[PDB]
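Visitor: just to be clear, this is only the beginning of the complex, oriented as in the whole thing:
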Amino acid sequence: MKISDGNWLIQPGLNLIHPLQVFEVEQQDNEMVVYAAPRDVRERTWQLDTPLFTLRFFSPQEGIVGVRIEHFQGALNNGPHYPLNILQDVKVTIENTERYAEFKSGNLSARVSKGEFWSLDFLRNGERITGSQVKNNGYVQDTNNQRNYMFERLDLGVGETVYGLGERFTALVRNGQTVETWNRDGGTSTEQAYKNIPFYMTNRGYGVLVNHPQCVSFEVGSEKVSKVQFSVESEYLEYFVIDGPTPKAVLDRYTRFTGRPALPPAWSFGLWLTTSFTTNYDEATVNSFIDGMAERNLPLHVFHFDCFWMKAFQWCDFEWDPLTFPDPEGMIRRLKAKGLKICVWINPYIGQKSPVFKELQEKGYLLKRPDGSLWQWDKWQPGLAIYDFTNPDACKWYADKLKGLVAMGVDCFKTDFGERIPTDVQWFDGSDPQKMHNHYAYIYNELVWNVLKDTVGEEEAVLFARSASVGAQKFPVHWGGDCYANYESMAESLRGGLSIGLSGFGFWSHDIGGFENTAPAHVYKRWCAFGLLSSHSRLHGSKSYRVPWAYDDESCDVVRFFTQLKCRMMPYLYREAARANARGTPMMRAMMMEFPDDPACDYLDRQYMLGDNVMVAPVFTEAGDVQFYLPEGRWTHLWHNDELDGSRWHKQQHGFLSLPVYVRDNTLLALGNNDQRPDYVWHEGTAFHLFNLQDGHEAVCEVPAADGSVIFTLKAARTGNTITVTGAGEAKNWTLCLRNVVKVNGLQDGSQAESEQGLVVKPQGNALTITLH
Amino acid sequence: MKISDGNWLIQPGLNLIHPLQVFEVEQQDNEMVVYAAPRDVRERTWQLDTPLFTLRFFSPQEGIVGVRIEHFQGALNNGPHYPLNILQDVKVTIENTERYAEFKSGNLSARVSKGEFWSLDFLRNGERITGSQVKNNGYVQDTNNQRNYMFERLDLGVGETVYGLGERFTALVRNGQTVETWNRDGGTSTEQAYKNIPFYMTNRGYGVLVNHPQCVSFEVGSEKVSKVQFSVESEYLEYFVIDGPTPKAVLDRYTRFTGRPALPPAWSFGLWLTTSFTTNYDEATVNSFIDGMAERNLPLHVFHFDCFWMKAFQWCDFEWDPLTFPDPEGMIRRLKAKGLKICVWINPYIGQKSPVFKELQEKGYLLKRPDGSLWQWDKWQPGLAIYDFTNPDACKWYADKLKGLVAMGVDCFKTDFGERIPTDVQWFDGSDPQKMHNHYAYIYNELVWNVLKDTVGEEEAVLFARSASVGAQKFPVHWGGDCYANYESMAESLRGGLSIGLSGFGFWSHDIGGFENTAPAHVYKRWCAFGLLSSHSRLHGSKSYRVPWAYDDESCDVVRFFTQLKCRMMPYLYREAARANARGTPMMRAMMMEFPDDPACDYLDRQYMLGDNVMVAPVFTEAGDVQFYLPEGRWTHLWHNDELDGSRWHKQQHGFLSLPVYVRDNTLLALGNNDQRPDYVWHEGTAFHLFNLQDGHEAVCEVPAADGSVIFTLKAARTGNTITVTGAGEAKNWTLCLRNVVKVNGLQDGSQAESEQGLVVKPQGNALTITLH
């Protein structure tokens, strides 16, 4: 929202008042309160007839500093409120002195300057990482529309860049843009988003969550170029500064605070296939696709039934279209017998044509307007109504239907929609419509998740969700929505995936091949590599099927190659997934996140890091040309084994069976002995691979159990020409390949054997040391 | 302006119609007219009751394709219109086939697809650099405000970045932001700008000029992330695609098309001096100020009389304050004799308090509202009126006043202000107020410029302009405006300077230390280096007294050091300036411009190239820490002589007398034998410096004459271990230094001598040849 009109003026009709001077500092328990006047009040003749801002500083978690700035406390302030994890006994330090008032949690502190020259500085071990200058926060009275806002402007230093604010499709670095945290169904090609999160972080080691579920309006370097301005229509503004000093540290605190990404079941990492959106389909169609996959040796693990599994115009009354699917449970058991997992489409709305509608209306389970009538419109479905999830009985009714599908063999759900929630309505529990808009995504997803958690069990729960709100990262794997089948759209989609990881979400997916339009073969090919090298992979389309043979023969080879490669990577991949669930580190990571101190990584959005050790750069050209940057070190292509010197840009050309996939040096990777499924005993038959272990370093590898815990650890430290190898845990018949190492000098406790990738060592007893030539 | 509401909807109240099918193509001389319908009109029954767009393709210059799409031609469409150089005899090819219609100029062509699939594509030798997809242009009928717009959306490909749109201070790469081309006096810390230009260019080698003086609203990847949208309130939209393929080539065509940067006289390159804004002074005060500089051996060449050479509140009636300056011409001619040039402040407004105000009013030389009363207000001045430059007699009155000053000894003027032009007025010539807003800046500066042309001569002409419009780049050296005294603001300022060069402007100046605020010594020192390593530099402010030693003695050395340096660099500097004049290549170049193929240079804004051969990276920290990227090659620090390897980022620490100033390998640089003044016989005593001439390469150095032409060329070609040195033209007592070259095997036609920077050779026979060791 524009407040200023250039450096010298203010927008017409706005009256601003700012806290310009500290009047009094009070300590209440472990919280610090600061009273600030809009003017000089050192004279008692001025200590009256004036507004007074109440700034409260507190800490909900170590390293997190909460700032609450209030105007009037008499406001109603109804919920819902974000699902924050708030501790009341965090150890903090409050020092109120002559010149300053400082609140401190861990290494992060908020310091207010007393005296004439007001100032609010956020410090990390004494140094200022950001803050608010005088007159850059306060209250706004909009005379034009009778609305009142609170606002803040946190500084940005030279070269400081901003990231996050949910899954957004605009340029990766927020600087220069306006963003409104407001869930909208606007595709993947605009400034709109299905997943808004009022949280941002910078390449300076800290982030900030503006604690308001209603629309927050950010001007990221868009009004005042060197600052991040945010405003909300409220009588108070509350935000949390979250300390790093690294992007992963920020996310770790952020997710501990708002919610840890759950760990999805191993099978969910397999290949997903869909009937597609408005294409035709019945059981025969299903089996045709499945037999088609098996026939061409294309591993497939999850099959998804989209919208038309239900009668048109009756969408989400949960009843199978009898004409297209005469025997639902029969058809599902046969697919499962094949070792496949099943997911069906659902959403939180309901068309009037459904016979269930009248029942729901009679019971008051649908969202009503103030006058008591039903809220309805004709978008998506004719006479569409919304399930009122603030209504206990409506929740149970919805959930009972979902349990009916599960008891039928269904293993998970695709939670589509949930963003276009109206405000001209009256919720059953009286919540504030402006806050229910964004938060609805959370309530919807939380409801479905718990049905899974109470049936299939939490270990087995996973969803495919299109919308979200703070805290929704707890119900894993969200997908980038409705993209188009072209390179530009594939790129924009990658920016969104990267962005959402920068917002606390650990698992992301996208429609391989694009949703709208039918992609030419080469595009489909490139997208397939990108898709399989993502935490979650799904072949899904709008008006055309996504089966590889719908494009060409080589497409089938591309799909098989990458699907196999992914299943062979699960020992590594599933460990990087346990990290998302432990520290909120997302599987797909922006380069700036993994290499925070490298200045060349700031604007990189066409490449990413998949887990801690491998850099993947999708190809966005027909010819196969691709440019990517590599951080310091000597990287090694994952299967071509060629090497590249880091800390510079590289240009290559790859055919459809390749793309840059480079492994960091000093890495010990664990590849599995199964390229047909993602879920299998990873610590048996394991094949370790050591990449450029330097003199003086130690590469560590942890192999996980199906539950994510480390069942076996393997370390390789190199002192001189001697590299010692030790393992701890449970592992059977494993191997250790010294990448690009032709011959060895000696080998204690182990038999060796050449390989095209390098010497392969077999462990004999305990010591398995090797001497380099 | 927001047109769409996400991928699937349109903004409420907006009715859209687009050209969706070609109906007929026609050729009229060297122009192609395409009639497009908003629907299928193949049947005669639908060839009625429907709108019909008329698209016209033409070419004003080789390589430039103009596109004019219009709805109703009945509108008034009054001037002013940009000062475009339009040729009517440009060789073009027009092809009208069954499948396509194509218009071509140079290697660029416009192609419209006939049939069911409408498509507008711009091609460079058959390859698509950009275009407009079906429904991404057309007419907008705003039902909410009765306003009608025309809009276009030109595609951006993967990794494509946009630059330009005037002197702006937001992030350098426009992707993700919206910009309105409307002059405003909004300072240098926000999205507003004093100098707006509806011209942008990309890293794909092409640019586009939206030919509308009124306000053009750009959504650069902000509405449709993969497209640059632009709209204007009009019944027609006309834009020009300008071909490169390199950034420098686009600017070459753009400046040939809208105007070439004039070549500023050599003296204007010296250090400019101004005694703040609010200082109290008279003649004795001025001299005692100049002497202070001379007394500390701080060379000065231009002195600027700001605001107060006139009586307060009477600003710009051209009357010297009678009390403060009893004898104007006497003081100027005395200052002149001290080896100085005189510049004075002026602006296009006039205060009520001035005696002249009534005269102008009774003569009708001031801007009037429709009712005939004078337009007035109280910002900056009380009852401030505006000179009506569309009035032939008012222009003459103002012009004569300037000639009066010039005849008094004034050499140049600072044309301040000119941005806040009201639209609820009625110009003398009846121009369209909406278009006069931006164009006023052009008229204003053009009038002034021509006064100098007609008095001191075109070669002596120069200004310090704050506002600008398309075509204003012909009135050289535009000034960066009022900037704050901190590092973030020093950076915002560099971004603006880079941006203006990327908009057709060849010369940019800024104030050392800033305008507002009180800057700490270190900030002042860092800015001094950055300011002298610019095309035009000025010591100035607004509050503090303009004395370097008021800070500390170091501030004085810094100013002396970099002022001497710039003067020595004039043989190199004035040559590059001739380039701005001939090819529209700016002296201060963004990296992306000099190294268009290096993917590491896309987002670099904290460094720049000063001329073809030298990279300067200002220091933005107190401690002196600085990180900068170096392109391919072995770079050498201009005076520290140290070397660095390219294609990578470097971290260094510098004291106040230094900063990263690196010279390119394979470069022959010419240094002057005078470090006191900028204007001197550069081709005498010249000091050439050869930097890492590689085997099989050649280094050329063109030493310019006063008028900018090359008076002496020196080439050094290396064949093996034999570098041949040949010269052509007029030169005397010159020398050649082999940087980092101590011992050399042999030498022909010349003697040698050792140096700290490397061997120094002296010619005699020109058959001068060196043979390495």
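Guide: Happy to help now that I have it. Numbers count the residues shown, from 1 in each chain, chains lettered A, B, ... in the order given.

Visitor: just give the nearest non-adjacent residue to the residue in the stretch 301-450 of chain A that chain B sits nearest to, would you?
Guide: With distances taken as CB to the nearest CB, the stretch 301-450 of chain A approaches chain B most closely at residue A:379, which sits 8.9 Å away. All C-beta spots, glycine's among them, are computed from the backbone N, C-alpha and C. Leaving out its chain neighbours, the residue that sits closest to residue A:379 by CB to CB, 6 or more residues apart in numbering or on different chains is residue A:420, at 7.3 Å.

Visitor: quick one: contacts for the residue in the stretch 151-300 of chain A positioned nearest to chain B?
Guide: Taking CB to the nearest CB, chain B has its nearest neighbour within the stretch 151-300 of chain A at residue A:186, 2.1 Å off. Neighbour list for residue A:186: A:192, A:193, A:194, B:5, B:6, B:7, B:8, B:9 [criterion: CB atoms under 8 Å, 6 or more residues apart in numbering or on different chains].

Visitor: got the end-to-end distance for stretch A:371-384?
Guide: Its start and end residues considered, stretch A:371-384 measures 18 Å (CA to CA, to the nearest Å).

Visitor: got it, and stretch A:542-555?
Guide: One end of stretch A:542-555 to the other measures 19 Å (CA to CA).

Visitor: buried sites along that stretch?
Guide: The neighbour-count check on stretch A:542-555 (16 or more other CB atoms under 10 Å in any protein chain shown) flags A:542, A:544, A:545, A:546, A:547, A:548, A:549, A:550, A:551, A:555 as buried.

Visitor: of the residues you listed, list those near chain B.
Guide: Under the cut-off given by CB under 8 Å from any CB of the partner chain, chain B has nothing from these close to it.

Visitor: could you find the closest non-adjacent residue to the most centrally placed residue in chain A?
Guide: By CA atoms, centre = their mean, the mean C-alpha position of chain A lies nearest to residue A:505, the distance being 2.2 Å. Counting by CB to CB, 6+ apart, the nearest residue to residue A:505 once its immediate chain neighbours are dropped is residue A:473, at 4.6 Å.

Visitor: the one you found: neighbouring residues, count only.
Guide: A total of 28 residues lie near residue A:473 under the criterion other CB atoms under 10 Å in any protein chain shown.

Visitor: surely it and residue A:256 touch.
Guide: No: Residue A:473 lies out of contact with residue A:256 (CB atoms under 8 Å); the separation is 11.7 Å.

Visitor: overlap of the contact sets of the two?
Guide: Residues touching both residue A:473 and residue A:256 (CB under 8 Å, 6+ apart) are residue A:584.

Visitor: in its sheet, what does the helix or strand where residue A:770 lies sit against?
Guide: With elements taken from DSSP states H and E, the one containing residue A:770 is strand A:769-772. Here strand A:769-772 is paired, per DSSP bridges, with strand A:722-729 (antiparallel), strand A:744-748 (antiparallel).

Visitor: add chain C to the structure above:
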Amino acid sequence: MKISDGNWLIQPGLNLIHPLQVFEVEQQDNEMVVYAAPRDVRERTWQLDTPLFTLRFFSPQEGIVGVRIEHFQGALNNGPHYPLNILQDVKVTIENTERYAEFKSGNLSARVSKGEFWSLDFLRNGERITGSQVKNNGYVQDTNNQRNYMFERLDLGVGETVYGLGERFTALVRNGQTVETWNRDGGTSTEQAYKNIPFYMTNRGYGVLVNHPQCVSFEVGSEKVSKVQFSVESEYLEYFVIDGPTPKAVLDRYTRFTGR
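Guide: Just below you will find chain C, in place on the chains above:
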């Protein structure tokens, strides 16, 4: 109420949507439901993001066919309602073929044409006495006052004359006049009336009652010269076609239906 602006245009600020194609027919006991889309929805790609009308045919009395066209069913729709005599056991015939969907009570039937050419027809012994042509019924969304209406236009043949609509003092034959069924105290010399009845009959032996107590706006050959148009501010429209074949027979049924 004026909906059209001549044959070719629509009144400003009005957005219309009409049932143009049958999408599904369903018999519910002695009642027939017809779902019609406002556009071609034969392809699954168009079976979303579109309004959908629900027409229900029924019979409260022998020889009377009730027609209820609905948009949103979420409206409050509070009482009171007319004192209608509604029987639940009227003997009717419902035949849903591939070409038509027909509901019959007594010698009167309502027939909807499936396929590309939508048409709602009322037949007496298989012959057309009146009916609604494509785009002559539907929903009106008034943007000028944010009000929404449902409307219908029942055909009038050559020489067909309309009567009734209460105790009115204008020309006996309604053809050519607009009449609002809203009780007013306006004397006996104007278009106003003390006793308004949203019931009309013709010299063709059939009558129709618009089942709406609120104000019903009738344009009897005043907007569309060959049709009797009636609109009401509601999310649903419900009228009853009453078979004669003689005026006295129509009244017999009408009074047996509303009161003797």
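
Visitor: chain C added, so what about the neighbour count of residue A:473 now?
Guide: Taking other CB under 10 Å as the definition, residue A:473 ends up with a neighbour count of 28.

Visitor: which residues does residue A:516 bridge with?
Guide: residue A:484.

Visitor: show me what from chain A comes close to chain C.
Guide: Chain A comes close to chain C at residues A:278-280, A:308, A:312-313, A:315, A:351-353, A:357-358, A:361, A:366, A:371-376, A:378-383, A:385, A:543, as judged by CB under 8 Å from any CB.

Visitor: so which of those are in strands?
Guide: Where the residues of chain A next to chain C overlap with strands, as defined by DSSP state E, the overlap consists of residue A:385.

Visitor: relative to chain B, how far out is the residue in the stretch 1-150 of chain A positioned nearest to chain C?
Guide: Sorted by distance to chain C under CB to the nearest CB, the residues of the stretch 1-150 of chain A start with residue A:145, at 20.1 Å. The gap separating residue A:145 from chain B is 16 Å, by CB to the nearest CB, to the nearest Å.

Visitor: that residue looks like it's in a strand, true?
Guide: No: Residue A:145: not assigned to a strand; according to DSSP: H, G, I helix; E, B strand; the rest coil it is coil.

Visitor: and it, how many neighbours?
Guide: 8.

Visitor: show me the contacts for residue A:739.
Guide: With CB under 8 Å, 6+ apart as the criterion, the residues that contact residue A:739 are A:636, A:641, A:689, A:690, A:691, A:692, A:757, A:758.

Visitor: next up, phi/psi of the second one, please.
Guide: Read it as residue A:641. Here is the backbone geometry of residue A:641 (degrees, to the nearest 10): phi 60, psi 10.

Visitor: quick check, it in contact with residue A:741.
Guide: No: no contact is recorded between residue A:641 and residue A:741 when judged using CB under 8 Å, the distance being 10.7 Å.

Visitor: okay, and the common contacts of the two?
Guide: By the contact definition CB under 8 Å, 6+ apart, residue A:641 and residue A:741 are jointly contacted by residue A:758.

Visitor: the two - which one has more neighbours?
Guide: Comparing residue A:641 with residue A:741 by neighbour count (other CB under 10 Å), the higher total belongs to residue A:741, at 19 against 15.

Visitor: hang on, that one packs against residue A:758?
Guide: Yes: with the criterion set as CB under 8 Å, residue A:741 and residue A:758 qualify as a contacting pair; they are 4.6 Å apart.

Visitor: measure the closest residue to residue A:526 other than its chain neighbours to chain C for me?
Guide: The spatially closest residue to residue A:526, leaving aside those adjacent along the chain, is residue A:619, at 4.9 Å (CB to CB, 6+ apart). Applying CB to the nearest CB, the value for residue A:619 to chain C is 31 Å.

Visitor: in what helix or strand does residue A:619 lie?
Guide: With DSSP H and E as the test, residue A:619 turns up in no helix or strand.

Visitor: was I right about it contacting residue A:528?
Guide: No: with contact defined as CB under 8 Å, residue A:619 does not count as touching residue A:528 (10.9 Å).
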